[PDB]
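K.L.:
A structural model of the following input is requested.
(2 chains, ligands or ions: 2)
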Number of protein chains: 2
Amino acid sequence: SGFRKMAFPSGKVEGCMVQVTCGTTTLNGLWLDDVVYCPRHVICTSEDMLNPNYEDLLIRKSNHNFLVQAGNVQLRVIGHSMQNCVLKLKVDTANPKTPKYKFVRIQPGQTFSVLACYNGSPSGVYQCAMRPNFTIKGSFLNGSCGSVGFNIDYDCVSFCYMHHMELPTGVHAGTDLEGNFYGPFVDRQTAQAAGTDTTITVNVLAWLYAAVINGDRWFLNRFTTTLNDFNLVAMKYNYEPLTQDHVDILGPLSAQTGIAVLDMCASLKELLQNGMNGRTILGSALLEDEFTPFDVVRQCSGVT
Amino acid sequence: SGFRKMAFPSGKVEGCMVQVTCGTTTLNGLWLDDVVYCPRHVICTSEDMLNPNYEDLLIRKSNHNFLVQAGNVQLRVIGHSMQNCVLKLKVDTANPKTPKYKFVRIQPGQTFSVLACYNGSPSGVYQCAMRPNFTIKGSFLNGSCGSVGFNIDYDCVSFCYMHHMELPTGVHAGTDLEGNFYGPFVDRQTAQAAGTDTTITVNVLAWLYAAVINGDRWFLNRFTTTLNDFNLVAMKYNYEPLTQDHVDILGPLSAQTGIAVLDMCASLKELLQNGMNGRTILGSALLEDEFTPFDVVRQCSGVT
Ligand SMILES: Cc1ccncc1NC(=O)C1(c2cccc(Cl)c2)CC1
Ligand SMILES: Cc1ccncc1NC(=O)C1(c2cccc(Cl)c2)CC1
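P.N.:
Numbering: from 1, shown residues only, chains lettered A, B, ... in the order given. Ligands and ions are numbered 1, 2, ... in the order given. Okay, here it is:
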């Protein structure tokens, strides 16, 4: 039936995007109820970004300095406050398009959709994973700050990410919706170390199960392994160590395919040690890790 | 800044999806104005699909046999007609969420977003290309028929695809919104030949320009080629022959990067003849062809 890097339908989030302008700077905001959320660096100029004192910069700002526009209508700002690295602008009107929502802080290795926006207008949607080093490999340009990451369960949107910064390496950093950065990052124009990244082992295994379900079975072999033997291979190839918690999460996929998790680990071990020999798996020439076991179950069952 | 396989924001299309049921069969429909569009095979049972006489099957059906539901509200069907492989159900209510739209028949090699749906409810969104052989490599299960492909320009949705069928090979076939199949396919449960597919050369080149813009430059070399010399390599590797029309379309990317199109062809020639030697380009270990030159310009400039 096929397998694609699928994002959630973005409609519920599109109806929340607004443009926030403070003096010279314009970025995106998320309008939920009567609050607009945006990166606090909207109050900076390029000269400030080198080492900003956000508290002092925000003191020079009043409610009337924040211009919030939803499509073409201007919102009236009646309160402003800084929570960690986000600003919360109280407006006099609740968003009539506010979906059922939650703010969640996702774990590294989990996936989410990003609705990239410019001037409060959506441009596109893509699926990605929060890397084990708390960076994301997105697609963002100047003006995209304030774009958010989310998951959708039934009718409830769980916002997990707000885009803030591009590291000098081209990878992306941002916060949860409480303004706490994922990783060691600070909202400052300084060179910042992103830790060593690893491949999300449980996600690669989940994707190997997706491949078997969709017919790509060439990599299945006559071997098995143990968690300890497999983890010696995972360490050499910079893969996250596999735990029984990971094996347990792969249980639904093992029950459906009839392939024991450690037998799939032995396929992955051989792929790590021998490569793909010029072959592909689900249209990829590398081991894909941005699909969780839940994503595989969801896509392979047709959950809406 | 990064480069991702980005889909259009699906909100405008989500508001058009409905569930259509005819007797035992349920699939998705697209509600635009007072017409609901869906695959005509909604009128078949499994016994009919082997060799259906759609004209005769549709004669046994009246307006009241088509159950159309938009979320939780029932639409009143007042007319029904078959146009090629699609049914058009006239309803007594115009969709209040109908966006500015057009029906377009896209060309092979062009890209579009798919909003996969089940029971009239969206599950996800992904970007894909209409293959040169008029198939699409999507992600669809039973119940996904009627899901549509589209492009968005400013505020206008151009619907180009309606999903109808999975070939025994696992690839997908469907129609334009006038119900004309792309390719030689017929809506019948018979083994059907999809032609030999080729790699979309102009899209690979566009993606190589996207890689240079985003820093991946290892593949650039000290060589050049000619259209005729390059096309001898394209034929051997099952790539579409490059024409001056393709070179002309790559003009904006050549002007921005300062790399002449034939110099980029020489990089592609060497990649075809030598492989990637275990290296990657924009996170891929293979040559990607599902990004048009327009897609690259759009993503790299931030068009909303
Ligand atoms: C230009 C760009 C591209 C992609 N994503 C984001 C950006 N923007 C940035 O990085 C900016 C910045 C600078 C330093 C630290 C922080 Cl928190 C933010 C706004 C200028
Ligand atoms: C089951 C499925 C999976 C993915 N995409 C689509 C489907 N559905 C089909 O192919 C069906 C069919 C059969 C033969 C010809 C035609 Cl036009 C349609 C409905 C049963």
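K.L.:
quick one: whatever residue of the stretch 151-300 of chain A ends up closest to ligand 2 and residue A:277, what's the gap?
P.N.:
Among all residues of the stretch 151-300 of chain A, residue A:214 sits closest to ligand 2, at 11.5 Å; criterion: Cβ to the nearest ligand atom. Where you see a C-beta, it was placed from the backbone N, CA and C, and this is true even at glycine. Distance from residue A:214 to residue A:277, counting by Cβ to Cβ, to the nearest Å: 20 Å.
K.L.:
quick one, which of those two is more surrounded?
P.N.:
Between residue A:214 and residue A:277, counted using other Cβ atoms under 10 Å in any protein chain shown, the more crowded position is residue A:214 (17 against 7).
K.L.:
give the contact list for the nearest residue to residue A:97 once chain neighbours are set aside.
P.N.:
Spatial nearest neighbour of residue A:97, excluding adjacent residues (Cβ to Cβ, 6 or more residues apart in numbering or on different chains): residue A:15 at 3.3 Å. Contacts for residue A:15 (Cβ atoms under 8 Å, 6 or more residues apart in numbering or on different chains) come out as A:95, A:97, A:98, A:99, B:11.
K.L.:
cool, and residue A:7?
P.N.:
Residues touching residue A:7, when contacts are defined by Cβ under 8 Å, 6+ apart, comprise A:113, A:114, A:125, A:126, A:127, B:7, B:124, B:125, B:126.
K.L.:
beta-bridge partners for it, please?
P.N.:
Each beta-bridge partner of residue A:7 is listed here, defined by DSSP bridges: residue B:125.
K.L.:
coming back round to it: grab the nearest non-local neighbour of the residue of the stretch 151-300 of chain A closest to ligand 2.
P.N.:
Once its chain neighbours are removed from consideration, residue A:214 has its nearest residue in residue A:3; the separation is 5.3 Å (Cβ to Cβ, 6+ apart).
K.L.:
how about the contacts made by the one you found?
P.N.:
Residues touching residue A:3, when contacts are defined by Cβ under 8 Å, 6+ apart, comprise A:210, A:211, A:214, A:282, A:299, A:300, B:139.
K.L.:
most proximal residue of chain A with respect to ligand 2?
P.N.:
Closest to ligand 2 within chain A is residue A:1: 5.5 Å, counting by Cβ to the nearest ligand atom.
K.L.:
quick check: nearest residue in space to that residue, chain neighbours excluded?
P.N.:
In space, not counting the residues next to it along the chain, residue A:1 is nearest to residue B:141; the distance is 5.3 Å by Cβ to Cβ, 6+ apart.
K.L.:
where's the residue in chain A sticking out farthest from the centre, which helix or strand?
P.N.:
Distance to the chain centre peaks in chain A at residue A:222, reaching 36.5 Å (criterion: Cα atoms, centre = their mean). Using DSSP states H and E, residue A:222 maps to neither a helix nor a strand.
K.L.:
state the distance from it to ligand 1.
P.N.:
Noted for residue A:222: a distance of 48 Å to ligand 1, by Cβ to the nearest ligand atom, to the nearest Å.
K.L.:
so how far is chain B from that residue?
P.N.:
Using Cβ to the nearest Cβ, to the nearest Å, we find residue A:222 at a distance of 26 Å from chain B.
K.L.:
one step back: these two touch, right, the residue of the stretch 151-300 of chain A closest to ligand 2 and residue A:282?
P.N.:
Yes: in this structure, residue A:214 is within contact of residue A:282 by Cβ atoms under 8 Å, at 6.6 Å.
K.L.:
which residues does the nearest residue to residue A:176 once chain neighbours are set aside contact?
P.N.:
Among residues not flanking residue A:176 along the chain, residue A:105 sits closest, at 4.3 Å (Cβ to Cβ, 6+ apart). With contacts taken as Cβ under 8 Å, 6+ apart, residue A:105 has the following neighbours: A:160, A:176, A:178, A:180, A:182.
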